[PDB]
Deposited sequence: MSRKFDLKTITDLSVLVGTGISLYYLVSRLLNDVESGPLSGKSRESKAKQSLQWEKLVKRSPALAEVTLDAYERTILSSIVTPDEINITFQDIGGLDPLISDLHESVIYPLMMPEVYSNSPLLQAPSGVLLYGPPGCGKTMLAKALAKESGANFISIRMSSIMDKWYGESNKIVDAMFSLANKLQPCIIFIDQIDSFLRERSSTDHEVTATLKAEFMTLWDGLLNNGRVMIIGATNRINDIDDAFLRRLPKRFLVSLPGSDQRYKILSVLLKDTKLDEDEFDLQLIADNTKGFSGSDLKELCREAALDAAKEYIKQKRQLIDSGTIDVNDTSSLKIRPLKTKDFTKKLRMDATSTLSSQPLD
């Protein structure tokens, strides 16, 4: 019911986006899996809301963005195609999933960001049908990004102690990942917080690795700059550099709460007027 309504709405948006999908024909499993296709309308974060990752944004535009959306520009050599696998890994909360958000927002390709419940199925045999529907829809709807959120759980360190169904699913993912690279505008992307849990064969299956590490001092400065945008601050009583060097060892999400929570205290009296500027002291008193 609601899944069918979401599928129809997503298909209407894709028809409005890509005119080449008017003649595109779909079976039951593919129609089922467009509910995982996300569009840049619901995503509210573009590439400009990420701070401290500007060189990584530059390598992103060089590797994942431009070759996928401008293959004619990157066609001087046959090996200039977009990579089959991109791994946006790093310590948790450093902005990898926001990088995926910005990819969906800015890159013209679709973002088929499935969720593991959608692929996973209780009836034996049907789960492989969901995987091949994923790959076939990704090939047929040509400009797209297969985003596999949390690459660690699926394609984990394989062993005989795991389920037979999950081993067959991993084998099929490897199988259609082999044919994934020869297709032009198709691509699989994973983003995770730990790398040791990734399967070594599947690690080889992602021949492009990104380093979303903990922010540095300059990266902390940029993160605090873009996190406090479109908010009312103060000029002389407030400074960001001392704050950035004070919050050493903090991921951007830890600064997100630090930006958020400390801004309540400076606005508690401001809220108290409706409940019934940011000094440099409010963020620092939260440390």
Gaps in the model (deposited sequence, numbered from 1): 1-43, 320-337, 349-362
